[PDB]
Amino acid sequence: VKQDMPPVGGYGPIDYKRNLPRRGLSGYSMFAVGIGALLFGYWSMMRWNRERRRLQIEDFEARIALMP
Amino acid sequence: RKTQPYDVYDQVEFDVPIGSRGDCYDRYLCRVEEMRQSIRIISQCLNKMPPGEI
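Residues numbered from 1 in each chain as written, not as in the entry; some residues may be left out. Chains lettered and ligands numbered in written order. Part of a larger assembly, values for the part shown. Heavy atoms only, no water.

- Per the deposited record, the coordinates in this entry were obtained by cryo-EM to a resolution of 4.2 Å.

What follows is the structure, encoded as structure tokens:
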């Protein structure tokens with residue numbers, strides 16, 4: 001009786017392919033995402049700055065009326 | 001190994017990577033793909049093992 005180490009009836013395969021998914025996102029659409037977030041920021045920033053200008057006009061009125 | 005097979009390398013399917021531009025990044029890819037070819041040679045070596053003697 002002999003007790004070497006052969007494979008047990010043979011062995012399964014091992015792949016050797018380069019798994020790279022190239023994800024992705026269709027980068028023109030990523031420009032759409034970036035410009036969309038950019039313009040969102042511009043619109044909200046615009047609204048908030050103009051209302052802070054309103055309240056700063058109230059502070060101008062404070063120094064005007066208080067002064068004499 | 002391929003031109004003068006000094007051992008049983010002649011009886012496995014593998015294919016050595018070559019370069020084109022003759023270049024260090026290209027040489028880097030050549031080394032990594034020789035590693036992946038060595039994965040190939042180990043797989044075929046395990047499946048082709050004769051149980052002779054030491």
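Here the narrative resumes.
**What to know about the overall build of chain B**
Now for step 1: Of the regular secondary structure elements, chain B holds one helix and zero strands.
Now for step 2: For chain B, the accessible surface area stands at approximately 4700 Å², while carbon and sulfur atoms represent 55% of it. (Helix = DSSP H or I, 4+ residues; strand = E, 2+ residues; numbered from the N terminus. Areas by Shrake-Rupley, 256 points an atom, 1.4 Å probe, with all protein chains shown as cover.)

**Thoughts on the packing of aromatic side chains**
Residue and element names in this part refer to chain B.
Now for step 1: Tallied over the entire structure, the rule returns three aromatic pairs over all chains.
Now for step 2: Counting every residue linked through ring pairs, the aromatic cluster contains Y6, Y9 and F14.
Now for step 3: Sitting above the plane of the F14 ring, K2 keeps its charged end 5.4 Å from the centroid. (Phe/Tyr/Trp six-rings, centres within 6.5 Å; stacked < 30°, edge-to-face > 60°. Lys NZ or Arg CZ within 6 Å of the ring centre and 35° of its normal.)

**Looking at unusual backbone geometry**
All names here are of chain A.
Now for step 1: Of note, the amide linkage connecting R23 to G24 takes the cis form, showing an omega dihedral of 5 degrees.
Now for step 2: In this structure, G24 sits in the segment before α1 (28-66).
Now for step 3: The phi dihedral of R22 falls on the positive side, at around 40 degrees, and the residue is not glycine.
Now for step 4: Relative to the elements of secondary structure, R22 occurs in the segment before α1.
Now for step 5: In the Ramachandran plot, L25 falls in the positive-phi region, its phi being about 70 degrees despite a non-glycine side chain.
Now for step 6: Checked against the element boundaries, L25 lands in the segment before α1.

**Quick notes on the interface of chain A and chain B**
Now for step 1: With ten residues of chain A in contact, the opposing surface of chain B contributes ten residues.
Now for step 2: Here chain A and chain B share an interface that buries about 860 Å² over both sides, 61% of which is from carbon and sulfur atoms.
Now for step 3: Among the residues chain A hides against chain B, the three largest losses belong to A:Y11, A:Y16 and A:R18. Together they make up 60% of the total.
Now for step 4: One salt bridge in this structure joins B:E33 and A:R18, with 3.0 Å as the shortest N-O distance.
Now for step 5: Along the contact surface separating chain A from chain B lie three residue pairs in polar contact.
Now for step 6: Looking at side-chain class alone, the side of chain A that touches chain B contains five nonpolar, two polar and three charged residues. (Contact = heavy atoms within 4.5 Å. Buried area = accessible area lost by both parts, 1.4 Å probe. Salt bridge = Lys/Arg side-chain N within 4 Å of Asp/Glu carboxyl O. Polar contact = N/O pair within 3.5 Å; in protein donor to acceptor, adjacent residues only side chain to side chain. Nonpolar A, V, L, I, M, F, W, Y, C, P; charged D, E, K, R; others polar.)

**A few points about α1(A)**
Now for step 1: In a regular helix each residue adds 1.5 Å, so 39 residues correspond to 57 Å; α1(A) covers 57 Å between its end C-alpha atoms and thus fits that length.
Now for step 2: Within α1(A), only zero of the 39 residues are buried, leaving the element largely exposed. (Expected span 1.5 Å × (residues − 1). Buried < 20%, exposed > 50% of the residue type's maximum accessible area, 1.4 Å probe, protein only.)

**What about the pattern of salt bridges?**
A side chain of one charge can pair with a side chain of the opposite charge when the charged atoms of the two come close.
All names here are of chain B.
Now for step 1: Using the criterion set out here, one finds three salt bridges over all chains in the structure.
Now for step 2: The partner of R21 in a salt bridge is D23, with the nearest N and O atoms 2.8 Å apart.
Now for step 3: On the basis of relative accessibility, which here comes to 58%, the residue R21 falls in the exposed class.

**Observations concerning a nonpolar patch on the surface**
Now for step 1: Together, A:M5, A:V8, A:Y11, B:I42 and B:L46 line one region of the surface with nonpolar side chains, adding up to about 550 Å² of accessible area.
Now for step 2: Position of B:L46 among the secondary structure elements: in helix α1 (residues 24-47).
Now for step 3: Residue B:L46 is classed as partly exposed on the basis of its relative accessible area, which comes to 38%. (Patch = residues over 30% accessible without salt bridge, like charges linked within 9 Å, V, L, I, M, F, W, Y side chains within 5 Å.)

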